[PDB]
């Protein structure tokens, strides 16, 4: 049974998925803006996260304009941040598309494939496994590189 769910996530909020995302599923965050000249984050301008039921950060995608890097990481609910994987030059990863952008995450079971628009920037080996039951779009309106509200679409029941 394949299904499409739509969530309108306001900057700085988490949302519970009606249909969990598991291996073979896809989630795409759509932003109606691209602000590569936003303020400084603490230290993230924007972070996109996939959470496990217990609150673990299965996948943490951090966009840093100042440190000019996209960080990928995970962490147990009450644990320290784990081993960071990085992709330098935020602007360049969004090159080609202006005033809008999208971030797609493919759950491949043992890894998460993250695509920025059409560019796959990383095949992130998972540090924590499990299904994703909630998502969050973290940022302040003034420092986020994305629009105030990001539309998240999940394609589930794919495998």
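Numbering follows the first chain given and starts at 1.
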{"property": "Between 37-45 and 106-114 (mean CA B-factor, as deposited), the higher", "result": "37-45"}
{"property": "Stretch with the greater mean C-alpha B-factor as recorded in the entry, comparing 96-104 against 129-137", "result": "96-104"}
{"property": "Of the residues 54, 28, 123, 68, the one carrying the largest Cα B-factor as recorded", "result": "54"}
{"property": "Chain third (lowest, middle, highest) by recorded CA B-factor, residue given as residue 153", "result": "lowest"}
{"property": "CA B-factor ranking of residue 88, expressed as a third of its chain", "result": "middle"}
{"property": "Residue 14 by Cα B-factor - lowest, middle or highest third of the modelled chain", "result": "highest"}
{"property": "Where the record places residue 23 (Cα B-factor, split into thirds across the chain)", "result": "lowest"}
